[PDB]
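Methodologically, a virtual Cβ is constructed for each residue, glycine included, from the backbone with ideal geometry; neighbour enumeration extends over all protein chains shown. None of the figures in this text is laboratory data; all of them are computed from the coordinates on show.
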RNA sequence: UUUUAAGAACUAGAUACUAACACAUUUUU
RNA sequence: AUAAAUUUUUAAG
Ligand SMILES: [Mg+2]
Ligand SMILES: [Zn+2]
């Protein structure tokens with residue numbers, strides 16, 4: 001789900017706009 | 001398009017592919033005439 | 001700082017507009033010599 | 001050349017004012033490889 | 001590259017070599033003399049080779065009277081005339 | 001009909017090497033291919049002075065001009081060319097030579113060089 | 001010319017007479033170019049053993065461009081001829097009169113890195129060796 | 001009158017034309 | 001306790 005993270009849309013950003021939760025920092 | 005068109009054509013001697021050809025042929029002939037001078041001595 | 005970010009971006013734009021057709025390795029060479037400058041100077045800060 | 005270089009002082013400000021007296025930028029304006037040596041190396045990156 | 005290259009390529013020539021065998025093309029605006037006269041062939045052909053001379057007779061004949069002032073030049077051109085007109089004589093003689 | 005064109009329609013038979021042979025025979029009879037002469041657009045590196053109208057070709061000027069393979073061959077084997085240029089004011093032909101041993105040109109027949 | 005008799009074993013190759021064409025008369029008129037059977041000529045300077053691989057022109061009846069097939073087949077028979085030699089009898093080096101044989105021999109001889117190939121620095125009269133009557137008799 | 005080119009077969013291999021287009025070239029030893 | 005995926009080519013100058 002798009003929670004407010006990511007980009008307004010991936011057009012000019014040249015990336016794939018692929019976002020994934022960070023297993024790193026949780027607790 | 002500003003500079004000399006001569007640089008973009010093959011026949012002119014001043015550009016570096018042909019000048020090198022002349023260098024090589026002259027160098028070879030220098031080797032040959034050198035060895036043939038040493039033979040006669 | 002924002003300024004020198006924009007200076008970098010403007011420089012990349014420089015490499016781009018300057019070379020219409022320089023072939024190839026000239027472009028990669030220029031971009032190398034730019035980026036390496038940016039990192040090597042800014043090293044730590046860029047992360048944040 | 002160190003014997004000569006000790007008589008070179010003020011190199012930094014000169015480097016920074018090379019902006020004004022000549023067109024082409026010098027992407028590394030913050031070091032002279034003469035006084036500061038060479039502050040980085042890459043070649044490992046190559047193999048990697 | 002100037003069309004001098006583009007008109008001489010194989011893909012231009014081959015259709016001419018088919019038109020000779022399949023019909024009455026092949027110009028005569030292309031080839032040169034042919035040097036020897038008596039070695040020419042059936043009359044309907046030397047007929048066209050002959051005009052292929054008279055035309056140049058007309059061009060350079062007009063090129064005679066021109067005031068353009070080069071007297072050495074018109075001298076050599078004058079000799080060229082005489083040569084060609086002699087050729088015309090020869091093509092008529094063969095006919 | 002694109003300037004960059006990948007394919008060219010060929011007749012349905014067209015033995016290509018056969019066309020190389022028959023075309024190789026055809027190459028002798030044509031007027032243009034055999035001219036022994038050549039035409040090239042070029043420049044004048046060393047400037048000029050005309051010996052007829054004393055016109056000056058000032059430094060480097062475009063010309064439609066004529067290249068010729070010279071019967072000489074520099075040293076044992078190097079090519080050497082002779083170029084001709086018509087004068088703008090008068091009808092006059094001036095010629096070049098290209099010295100491979102001495103990089104600069106040397107010229108003859110109808111022009112002199114400025115110093 | 002001295003290094004030939006040093007303890008290395010080298011071979012000499014002359015392919016010039018592999019391809020022979022002589023003029024005969026047709027029954028009307030012509031100049032008849034015919035191919036006479038050739039031979040492959042290799043010798044070491046020491047033993048004086050003449051290796052000849054005799055080549056019959058019937059092999060040449062199905063081809064065109066016979067210069068290539070010439071130099072290449074001759075190179076092949078140099079290769080197999082080396083394959084007739086055990087390690088002790090393997091040549092140390094190989095030398096060829098022409099420098100137009102260098103490439104195909106470099107092609108076939110790759111399997112034998114101990115064998116160098118060299119041009120002739122001196123003009124050599126192995127081309128007319130067919131004038132020897134015994135050799136030309138064995139070939140004809 | 002004068003004149004000789006044309007056909008058949010064989011060989012190994014790379015060279016011409018164009019410049020309108022782009023030309024901070026920078027930079028690590 | 002994550003399942004989040006942009007493109008892509010022809011002519012003329
Ligand atoms: Mg335009
Ligand atoms: Zn003039």
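Among C:33, C:40, which is the only one that is surrounded by 10 or more Cβ atoms within 10 Å (Cβ to Cβ), under 11 Å from the mean Cα position of the chain (by Cα) and assigned to a helix (DSSP H, G or I)?
Numbers: C:40 fails: under 11 Å from the mean Cα position of the chain (by Cα).
Exactly one residue qualifies, and that residue is C:33.
With B:41, B:20, B:35, B:14 as the choices, which residue is more than 10 Å from chain F (Cβ to nearest Cβ) and under 18 Å from residue F:73 (Cα atoms)?
Within the list B:41, B:20, B:35, B:14, the selection yields B:20.
Which residues, counting only those in the range F:30-52, are within 13 Å of chain E (Cβ to nearest Cβ) and either surrounded by 13 or more Cβ atoms within 10 Å (Cβ to Cβ) or within 16 Å of the chain's Cα centre (by Cα) (or both)?
Of everything in the range F:30-52, those that are within 13 Å of chain E (Cβ to nearest Cβ) and either surrounded by 13 or more Cβ atoms within 10 Å (Cβ to Cβ) or within 16 Å of the chain's Cα centre (by Cα) (or both) turn out to be F:30, F:32, F:33, F:34, F:35, F:36, F:37, F:38, F:39, F:40, F:41, F:52.
Please return the ranges of helices (runs of 4 or more DSSP H) entirely within chain E where 2 or more residues are within 12 Å of chain F (Cβ to nearest Cβ), surrounded by 13 or more Cβ atoms within 10 Å (Cβ to Cβ) and in contact with a helix residue (DSSP H, G or I) (Cβ under 6 Å, 6 or more places away or on another chain).
Details: elements: E:3-6, E:10-22, E:43-62, E:71-94.
Here the list reads E:10-22.
May I ask you to list the residues in the range C:21-35 that are near RNA strand H (Cβ under 7 Å from one of its atoms) and within 14 Å of chain D (Cβ to nearest Cβ)?
Answer for the range C:21-35, where residues must be near RNA strand H (Cβ under 7 Å from one of its atoms) and within 14 Å of chain D (Cβ to nearest Cβ): C:29, C:30, C:33.
Only residues that are within 16 Å of ligand 2 (Cβ to nearest atom), surrounded by 15 or more Cβ atoms within 10 Å (Cβ to Cβ) and within 13 Å of chain B (Cβ to nearest Cβ): list them for the range F:53-83, please.
F:63, F:65
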